[PDB]
Amino acid sequence: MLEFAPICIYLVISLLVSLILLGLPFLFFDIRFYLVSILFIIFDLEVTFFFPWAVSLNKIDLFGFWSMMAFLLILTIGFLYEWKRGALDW
Amino acid sequence: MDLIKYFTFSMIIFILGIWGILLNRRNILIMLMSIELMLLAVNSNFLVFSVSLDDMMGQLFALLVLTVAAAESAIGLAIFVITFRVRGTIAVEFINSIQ
Amino acid sequence: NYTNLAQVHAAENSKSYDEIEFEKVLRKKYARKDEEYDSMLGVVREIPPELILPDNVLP
Amino acid sequence: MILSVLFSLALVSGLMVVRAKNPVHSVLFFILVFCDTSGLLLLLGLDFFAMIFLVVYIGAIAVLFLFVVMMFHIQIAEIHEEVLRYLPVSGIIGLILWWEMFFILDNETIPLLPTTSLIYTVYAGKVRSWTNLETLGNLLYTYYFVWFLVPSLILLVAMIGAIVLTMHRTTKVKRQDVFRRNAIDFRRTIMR
Amino acid sequence: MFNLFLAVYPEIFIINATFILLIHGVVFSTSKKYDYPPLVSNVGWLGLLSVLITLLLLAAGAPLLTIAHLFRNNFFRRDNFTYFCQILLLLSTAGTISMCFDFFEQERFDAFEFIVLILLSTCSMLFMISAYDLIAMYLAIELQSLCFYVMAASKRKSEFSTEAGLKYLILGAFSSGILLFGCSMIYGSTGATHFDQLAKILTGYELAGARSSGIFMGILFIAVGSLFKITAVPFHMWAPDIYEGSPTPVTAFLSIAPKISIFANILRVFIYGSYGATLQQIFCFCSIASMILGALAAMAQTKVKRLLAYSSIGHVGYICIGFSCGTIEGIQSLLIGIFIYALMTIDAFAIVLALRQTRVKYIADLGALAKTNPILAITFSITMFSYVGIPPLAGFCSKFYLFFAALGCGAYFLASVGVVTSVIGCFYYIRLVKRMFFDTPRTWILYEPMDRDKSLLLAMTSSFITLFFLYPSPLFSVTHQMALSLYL
Amino acid sequence: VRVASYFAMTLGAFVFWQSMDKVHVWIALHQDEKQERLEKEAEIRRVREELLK
Amino acid sequence: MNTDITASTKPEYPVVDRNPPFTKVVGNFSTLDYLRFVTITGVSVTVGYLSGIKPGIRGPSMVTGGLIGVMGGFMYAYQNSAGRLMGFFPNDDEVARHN
Amino acid sequence: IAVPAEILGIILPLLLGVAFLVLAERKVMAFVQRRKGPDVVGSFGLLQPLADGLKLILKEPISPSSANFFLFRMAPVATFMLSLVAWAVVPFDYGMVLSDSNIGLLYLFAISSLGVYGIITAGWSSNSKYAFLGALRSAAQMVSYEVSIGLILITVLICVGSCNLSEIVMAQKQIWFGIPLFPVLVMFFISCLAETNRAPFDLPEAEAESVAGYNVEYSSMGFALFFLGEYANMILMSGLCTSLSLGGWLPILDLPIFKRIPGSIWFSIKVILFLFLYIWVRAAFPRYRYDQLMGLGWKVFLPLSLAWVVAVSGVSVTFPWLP
Amino acid sequence: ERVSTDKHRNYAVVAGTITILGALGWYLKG
Amino acid sequence: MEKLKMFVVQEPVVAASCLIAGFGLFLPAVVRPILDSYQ
Ligand SMILES: CCCCCCCCCCCCCCCCCC(=O)OC[C@H](COP(=O)([O-])OCC[N+](C)(C)C)OC(=O)CCCCCCCCCCCCCCCCC
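Chains as they are written, first to last, in our numbering: chain G, 1 to 90; chain P, 1001 to 1099; chain B, 2001 to 2059; chain A, 3001 to 3192; chain Y, 4001 to 4488; chain R, 5001 to 5053; chain X, 6001 to 6099; chain S, 7001 to 7323; chain E, 8001 to 8030; chain H, 9001 to 9039.
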């Protein structure tokens, strides 16, 4: 790693500047949201699986490409289910 | 020492999820949260074991456990929503109709 | 009341084969209803006027 | 030292999850303990796994829990119980599990007592350093495709269950239609 | 279709058929052109057809399932044991689908997603039976677990269904966490996930010692998860409540199908991989508890579904005595008991669904059934006596062969506890038979006739149960061959 | 105020983790003695077995 | 990606080829395999028609049954042809043709 | 050491750029609308951001006393942290990075994922239920369009083998990826417009309309911090757009007259064009209803993003065109 | 006047006759 | 054909996405084997 220490120090400095900005004046139900969240979970998992596939397309062959395509087809049928059921509508 | 510390932390998180289930009698969402903490401890154990053993099976199965935990959380919150809508409350004494 | 009941009975009894079959199909399909799936779909499944008995003969 | 601070924060956040009065505070401390676990993953060297923990656990599952908890609007005395009574049983069970951890550590994983100068660097695998993301993708998509396609079925089952459980289309509500004639062609008309 | 996938034609066909059925059902149930038809019956008939077709594929392609041995070795291994287990699982799934058709039309349960989940869960159990690794095991277990969560909570507005779904949810998630911790401990202390590697590492060294304490804990936690999956008394508390709360087809499927798959998985992970006397001791204690408390609790029950759940718990305890002996005869007895119990459970739940037309809830509801429905009364009494273990019926065959395996086992304590429990737990079956035949209640609950789909299945199952004592050689030989082929 | 309590609990957890490090060091130190105890016990069992035989 | 076609159980009949191509296996379809395909497709179409009467979608039900039956029957015919061509089945006729 | 100096030199000019960005938005919108923006506070209104900030500082604060004081105060802090730490990775030229993470794309995606929590907690901690509902709506919209944004990131990651922005640009050296993927760039631009609640898809800023927003209860500095976070996110995603589909610090045609420009000037110019496009789209178009924008995000951009992922993967795998 | 006007039923009858013929041929050739 | 044209008019975005996905699957299914044979 060795590169996330600047990120941590940046976070600390951001906290400091935000606190300073706050302290400057002191010196003077619905199921649609649930369905959207579930779709978010599913497609976050989708993108999480895409990332390594996209990075390693050069090593994985047509076997890997077609495995990913089959994964999408299995999950795109679920998207068609969403579309036809009415989960995407509001 | 690093492996000892990581394993101790994961075991402590597992025990802490157990304690959450134990203490939260009238709370059910926190019981599900303790289950999710158990899942997180399992994932951390798999990842640290993969790192220590120089084997990639731990990473594969940790990713799969993450996917399964996300799906089961989706299903579980669906059950929670439908239950709360059916009985109007999340109290445990309203979920004791079967005995 | 029995005059009204006679009117209802005559209306039901003066039906040909096609009307009998159509009302039998409607009665069989509307005999029992599910509200969970109807709510999920967005439908009501209202009772047809063919099976609505006149209010003159209802308590 | 940084490792000790990180899992001390994680333990405190988990304890706050366990003993938090407000479920919203429980979700927030759950987010905090996930962040601490991500930091532990950075220390381990699994950058991809830390980032995906953030994305999925912190993002997806945690916004799901937050949405459901806030939308419930759970009141106190509806979920409320004294914790002193369960303290003995919690302590006994935790002590048993800790003793089992003790026995597991006492035999298999022996800590090392004080090293750096004795590190033998191969230099052979460093000519092309494979990242964790790269190695995981290569393996998961070439030689373990079945264990990758099966979770697709799990996600499909989850989506189907979520719909069949929490779907309620409006029985009688007008829905706007944009495909009308005045929107499509709109021939002009007059009074004459 | 490249020639490796000869090893997965049944699963591929069932998956593609499930996808086609889902698409067809959604597109023709969300259709305003028709009257939004209830597609549950059509989708169920097509799913039963798909189950029959994949059963034919798996049966005819007996040697072709072994194609690409090393290619599939990472995920699963197929042999005669898995072949017969999958054949029985497909038969049970087909029977469950066929016998739950009349429930749909009469009870208005018109969600074809139920049939879609039936097919998906059946594929999950197929993957589980074939599974030969610590990863495919968990994936298949979780797939059926999510399917069963949705199944138990299927009736949205039903308070019983929602409560059962929530309970089964929470307890299954807890068991999944425990099993995951066990898998993690085994992986950390062993370096291996494939069953062959675990066997190679573990054979020759006992699991009770200073060495391999982490291995012992991982194995114990995996055993705990599997025991929860089979409803052993230390972990049985979900079985009665969810079995009662969930809709009757759902609880019938839960009682019939997962048992064989989980037990085949247990045989392939424990008897082959981690074979050691401590696991048999754990399952001995679990079997003692299962039999004793199943009998004791079913004696006090007054509801048909709860009594069936506790009978299932007791018969799982008997399957556990068969496991805890863990020999050739022990495994053969386990398989015989699983087959007989599956047949008897199919019989009992077919009769229950037949009586579901008039909404039977209590044991007293079926009172005076010997007058209104005589042949049904004799059939259900025969089923109850088979559950008891009366000789002429099929249940006694599994019973005495389990006890014989226990006598050659050396487990005299286990056999004595089992037989005392068998005597103790006869009382509630006898009470059922009394309610049908002996009582003369003031008022009678008249039961509507059956459907042909349940009637044919019930007739075949009752004929098999009653006339099994005339010819048990095929089942005995098949189970012996399976037990022998578990290793070589 | 809960921020001060949170930081106090963080310090307490830090102290607990240093105690865990101390007990880990103690176990690392006192392992050989357990090894000779186990060896002596195994020798006792072996002698008992050879006397039975 | 490396693929191995070796099966755990040895074929009991002479092997025309261990890994025949898809086109060759399809072209090996005898009249019996065509009968298998036709019977399975017809059973599926009949079941679909008989089950789709109550919902009211006879054409759609026959179409869905036809796709399912075509898939299943083609899979069964391909399975039989491949098992014969790899020597797993009594492939007397194509063994004679090869000889 | 030098790391805090670099962090301060990234943070403070970012705040100055955000102030001059809101000033530039005013000026560009006014010039669009046949008027002149702030011109009376300093020459051409250059001191207008300074005057506004000083007024906000000098305004006396008010305490809502919402029984959630900590969560009420810390939500704008959280979003400000998220915007800054997202800006901690974006490159400006060859070697102008703080953390040259090999997983820079997924880091930015994760930071964007964390961004909803500030708004969600702000809506919940407020006493009013209207603010809570508006926060939920904004969170859901950001969720959907971040799914779309992640799919676009996956398309770019298919195009370029690496996952760090610097090597992404080094691959952009040839064709800028905008020539091959102009529709993908357009979809990413609309998705980031809906991600920051800017231009069309502007729910929180429709305060005069019935949707209200999550910033109604917030005091002077809470509102200021939320505004700063939103505008810093706007600049961040403009930088993401130019690093992903315009080559970042790369000139046009690689002519030697164009190489005299340092390259950081090139990145700044491209970011300025993207910000001008932001203000252009905001001024030129009406806004969508919440249901309309949600259906558009879940039904128009997600399928198109998946299709473009598949198409790019198929083009690259079929031909030897693979890195 | 002497023709069945249901296309779907006619296709179903054709499929059933085809099924019967195929099953008979399978039995004879097996 | 008429129904296809009506569907494309009514839902252009899904038709465009389907065409793009079909092209993306068609390139490696046919053109990739064609190029492999040509090489
Ligand atoms: C050099 C040494 C220096 C000293 C080091 C030790 C310092 C003291 C450490 C102990 C904690 C002290 C502060 C406790 C504050 C509790 C406040 C409260 O009631 O919160 C309510 C909350 C519940 O949430 P709440 O919603 O009711 O919050 C209300 C909060 N107040 C009261 C502030 C308004 O309680 C808990 O969360 C339970 C906390 C239990 C105690 C956990 C302590 C941290 C972990 C300790 C591990 C073991 C340490 C010792 C190890 C010894 C060696 C093995």
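Heads up, the beta-carbon is just placed ideally off N, CA and C, and yes, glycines get one too.
Three-state secondary structure assigned by DSSP to residue i
i	result
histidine 4194 of chain Y	strand
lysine 4303 of chain Y	strand
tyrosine 4243 of chain Y	helix
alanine 4131 of chain Y	strand
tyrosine 34 of chain G	helix
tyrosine 7218 of chain S	coil
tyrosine 1006 of chain P	helix
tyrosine 4009 of chain Y	helix
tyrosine 3143 of chain A	coil
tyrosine 4362 of chain Y	strand
Neighbourhood of residue i by C-beta, 6 angstroms cutoff - its chain only, sequence neighbours within 5 removed
i	result
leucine 4227 of chain Y	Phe4235 and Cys4286
Outcome for residue i when other beta-carbon atoms lying within 10 angstroms are tallied against a minimum of 16
i	result
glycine 4337 of chain Y	buried
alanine 5013 of chain R	buried
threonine 6023 of chain X	exposed
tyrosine 3123 of chain A	exposed
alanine 4208 of chain Y	exposed
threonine 48 of chain G	buried
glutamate 7025 of chain S	buried
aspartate 2018 of chain B	exposed
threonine 6003 of chain X	exposed
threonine 4440 of chain Y	exposed
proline 7038 of chain S	buried
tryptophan 5026 of chain R	exposed
Residues near residue i by beta carbon distance below 8 angstroms, same chain, minus five either side
i	result
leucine 1039 of chain P	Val1065 and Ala1069
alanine 4257 of chain Y	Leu4089, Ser4092, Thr4093, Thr4096, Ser4121, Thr4122 and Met4125
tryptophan 7124 of chain S	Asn7068, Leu7071, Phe7132 and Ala7135
Top-ranked residue by Cα proximity to residue i, from the options
i	options	result
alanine 4368 of chain Y	Y/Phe4468, Y/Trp4444, Y/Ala4199 and Y/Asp4102	Y/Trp4444
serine 4477 of chain Y	Y/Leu4376, Y/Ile4331 and Y/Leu4458	Y/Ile4331
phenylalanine 4339 of chain Y	Y/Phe4468, Y/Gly4172 and Y/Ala4377	Y/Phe4468
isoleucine 3002 of chain A	A/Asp3036, A/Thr3121 and A/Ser3026	A/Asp3036
Contacts around residue i, its chain only, beta-carbon distance under 7 angstroms, and the 5 residues preceding and following it disregarded
i	result
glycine 4165 of chain Y	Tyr4149, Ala4152 and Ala4153
Cutoff 9 angstroms: residue i Cβ touching any chain D Cβ
i	result
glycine 7297 of chain S	Looking at the structure shown, chain D is missing, and the protein chains on hand are G, P, B, A, Y, R, X, S, E and H.
| request: Go through the segment 4367-4449 of chain Y residue by residue and report every complete run of the alpha helix (DSSP H) that reaches 4 residues or more, in order. | output: 4369-4372, 4374-4388, 4394-4407, 4412-4424 and 4426-4437
| query | In chain order, which alpha helix (DSSP H) runs of at least 4 residues are fully inside the segment 4053-4079 of chain Y? | reply | 4069-4072
| query | What are the start and end residues of each continuous beta strand (DSSP E) run of 3 or more residues lying completely inside the segment 7018-7085 of chain S, in chain order? | reply | Runs of the beta strand (DSSP E) inside the segment 7018-7085 of chain S: none found.
| task | Any chance you could list the alpha helix (DSSP H) runs of at least 4 consecutive residues sitting entirely within the segment 4257-4332 of chain Y, in chain order? | result | 4277-4299 and 4304-4325
| query | Which whole runs of the beta strand (DSSP E) in the segment 4115-4172 of chain Y are 3 residues long or more, in chain order? | reply | none
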